[PDB]
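Q: One structure coming up, written as structure tokens, with questions to follow.
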Amino acid sequence: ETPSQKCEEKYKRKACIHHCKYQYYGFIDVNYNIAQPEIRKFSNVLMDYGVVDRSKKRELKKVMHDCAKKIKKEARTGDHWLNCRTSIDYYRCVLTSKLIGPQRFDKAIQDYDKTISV
């Protein structure tokens, strides 16, 4: 029904659960890519839920940009492209930034998740 409900059911490759949710949220593409629209969706959701103030947009989108740039570069290093692991690695990198409040981030994603089918 709700993404997490549906992803957890699906994987019951457990790591893939994370990518699963993120594609439903629209934070990651269905081919594992992160591009402008993904970055738009992610940054917007964070702001609309107040996790980050809108006076920070350029710089929030900046970390997501450089994180994307960085995951791809590490993926090419290992001679492969984006995958379940890179989807997890993208969140990690994004959560290392001081802009985001971990508890606040988590609850936002949990709230935003409740607003989706299926």
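Please note that chains go A, B, ... in the order of the structure tokens, that every chain numbers its residues from 1, and that ligands are numbered from 1 in the order shown.
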Please report, as a tab-separated table, each residue of region 2-54 of chain A lying at most 7 Å from region 75-91 of chain A, together with the nearest pair of atoms and the separation in Å rounded to one decimal; use only C-alpha atoms, and order rows by chain and ascending residue number.
A:
```
residue	atom	partner	partner_atom	distance
A:15	CA	A:84	CA	6.8
A:16	CA	A:84	CA	5.2
A:18	CA	A:88	CA	6.5
A:19	CA	A:87	CA	5.5
A:32	CA	A:82	CA	5.5
A:33	CA	A:82	CA	6.5
```
Q: How would the residues just chosen look if you wrote them out with N, CA, C and O atoms as a compact mmCIF listing (two decimals), in the first residue's frame?
A:
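Resulting contents of part.txt:
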```
# COMPACT_ATOMS: atom_id res chain seq x y z
N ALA A 15 19.14 -5.38 1.02
CA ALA A 15 19.66 -4.02 0.85
C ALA A 15 18.80 -3.23 -0.12
O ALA A 15 18.61 -2.03 0.05
N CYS A 16 18.29 -3.92 -1.14
CA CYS A 16 17.51 -3.28 -2.18
C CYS A 16 16.28 -2.56 -1.65
O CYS A 16 15.76 -1.66 -2.31
N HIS A 18 16.07 -0.22 0.39
CA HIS A 18 16.29 1.23 0.43
C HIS A 18 16.08 1.87 -0.93
O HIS A 18 15.32 2.83 -1.07
N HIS A 19 16.73 1.33 -1.96
CA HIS A 19 16.51 1.82 -3.30
C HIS A 19 15.03 1.76 -3.68
O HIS A 19 14.50 2.69 -4.29
N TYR A 32 18.41 3.70 -11.36
CA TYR A 32 19.37 3.95 -10.29
C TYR A 32 20.06 5.31 -10.41
O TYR A 32 20.80 5.72 -9.53
N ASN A 33 19.79 6.00 -11.50
CA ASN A 33 20.43 7.29 -11.70
C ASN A 33 19.88 8.36 -10.77
O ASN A 33 18.73 8.28 -10.29
```
Q: What's around residue 37 (chain A) at 9 Å? Count only C-alpha atoms, leave out sequence neighbours fewer than 5 positions away in its own chain, and write the answer as a short mmCIF file (atom, residue, chain, number, x, y, z; two decimals) with N, CA and C atoms, in the first residue's frame.
A:
```
data_model
loop_
_atom_site.label_atom_id
_atom_site.label_comp_id
_atom_site.auth_asym_id
_atom_site.auth_seq_id
_atom_site.Cartn_x
_atom_site.Cartn_y
_atom_site.Cartn_z
N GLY A 26 10.76 9.05 -5.60
CA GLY A 26 11.27 9.83 -6.71
C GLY A 26 12.62 10.48 -6.44
N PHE A 27 13.30 10.06 -5.37
CA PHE A 27 14.62 10.60 -5.05
C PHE A 27 15.70 9.92 -5.88
N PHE A 42 13.94 15.46 -4.27
CA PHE A 42 14.52 15.22 -2.96
C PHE A 42 14.59 16.53 -2.17
#
```
Q: Could you state the separation of CA of residue 73 (chain A) and CA of residue 35 (chain A) in Å, given to one decimal place?
A: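 Spanning CA of residue 73 (chain A) to CA of residue 35 (chain A) is a straight-line distance of 14.2 Å.
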Q: Using only C-alpha atoms, which of the listed residues (A:63, A:74, A:69, A:20) sits closest to residue 6 (chain A)?
A: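 The shortest atom-to-atom distance to residue 6 (chain A) comes from A:20.
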Q: So that I can see what lies close to residue 114 (chain A), please list as a PyMOL selection string the residues with an atom at most 10 Å from it, counting only C-alpha atoms and leaving out residues fewer than 6 positions away in the same chain.
A: chain A and resi 1-5+108
Q: Please, what distance in Å, to one decimal, runs between CA of residue 71 (chain A) and CA of residue 53 (chain A)?
A: 25.6 Å
Q: I'd like the contact shell of region 95-97 of chain A - 12 Å cut-off, only C-alpha atoms, skipping same-chain residues fewer than 4 positions apart - returned as a list in words.
A: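 The residues that qualify are residues 52, 59, 60, 61, 62, 63, 64, 66, 67, 88, 89, 90, 91, 101, 102, 103, 104, 105 and 106 of chain A.
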Q: Those selected residues, please, written with N, CA and C atoms and delivered as a tab-separated table (two decimals), in the first residue's frame.
A:
```
chain	number	residue	atom	x	y	z
A	52	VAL	N	14.75	21.44	6.11
A	52	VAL	CA	15.71	22.46	5.76
A	52	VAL	C	14.98	23.72	5.33
A	59	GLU	N	22.42	25.51	-1.74
A	59	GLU	CA	23.41	24.71	-1.02
A	59	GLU	C	22.94	23.30	-0.62
A	60	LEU	N	21.65	23.11	-0.39
A	60	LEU	CA	21.15	21.76	-0.16
A	60	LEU	C	21.28	20.98	-1.46
A	61	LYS	N	20.74	21.55	-2.54
A	61	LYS	CA	20.84	20.95	-3.87
A	61	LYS	C	22.31	20.76	-4.24
A	62	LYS	N	23.18	21.56	-3.63
A	62	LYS	CA	24.59	21.46	-3.95
A	62	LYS	C	25.18	20.16	-3.43
A	63	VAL	N	24.87	19.81	-2.18
A	63	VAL	CA	25.38	18.56	-1.62
A	63	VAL	C	24.85	17.36	-2.39
A	64	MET	N	23.58	17.41	-2.79
A	64	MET	CA	22.98	16.31	-3.54
A	64	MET	C	23.65	16.18	-4.89
A	66	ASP	N	26.85	17.11	-5.62
A	66	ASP	CA	28.20	16.61	-5.44
A	66	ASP	C	28.22	15.16	-4.96
A	67	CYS	N	27.20	14.77	-4.20
A	67	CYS	CA	27.04	13.38	-3.78
A	67	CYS	C	26.77	12.50	-4.98
A	88	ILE	N	22.10	3.31	-1.62
A	88	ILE	CA	22.40	3.44	-0.20
A	88	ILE	C	23.54	4.43	0.00
A	89	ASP	N	24.58	4.32	-0.82
A	89	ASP	CA	25.73	5.20	-0.69
A	89	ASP	C	25.42	6.67	-0.94
A	90	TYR	N	24.38	6.92	-1.73
A	90	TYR	CA	23.96	8.29	-2.03
A	90	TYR	C	23.30	8.92	-0.80
A	91	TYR	N	22.41	8.18	-0.16
A	91	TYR	CA	21.84	8.64	1.10
A	91	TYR	C	22.93	8.92	2.14
A	101	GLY	N	19.13	17.48	9.87
A	101	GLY	CA	18.98	16.93	11.21
A	101	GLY	C	18.48	15.50	11.13
A	102	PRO	N	19.33	14.53	11.48
A	102	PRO	CA	19.01	13.11	11.31
A	102	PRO	C	17.60	12.73	11.77
A	103	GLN	N	17.25	12.97	13.03
A	103	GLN	CA	15.89	12.70	13.50
A	103	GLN	C	14.83	13.40	12.65
A	104	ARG	N	15.09	14.65	12.28
A	104	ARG	CA	14.15	15.44	11.48
A	104	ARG	C	14.03	14.88	10.07
A	105	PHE	N	15.16	14.46	9.52
A	105	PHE	CA	15.15	13.81	8.23
A	105	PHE	C	14.32	12.54	8.28
A	106	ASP	N	14.63	11.66	9.22
A	106	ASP	CA	13.92	10.39	9.31
A	106	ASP	C	12.40	10.60	9.37
```
Q: CA of residue 13 (chain A) and CA of residue 43 (chain A), how far apart in Å?
A: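 CA of residue 13 (chain A) lies at a distance of 27.7 Å from CA of residue 43 (chain A).
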Q: Looking only at helix (DSSP H, G or I) from DSSP on the backbone, list the matching residues of region 4-118 of chain A as number ranges by chain.
A: A: 4-10, 16-25, 36-48, 54-77, 84-95, 102-113
Q: I need the residue nearest residue 21 (chain A) from this list: A:45, A:8, A:94, A:34. Use only C-alpha atoms for the distance.
A: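 Result for the nearest residue to residue 21 (chain A): A:8.
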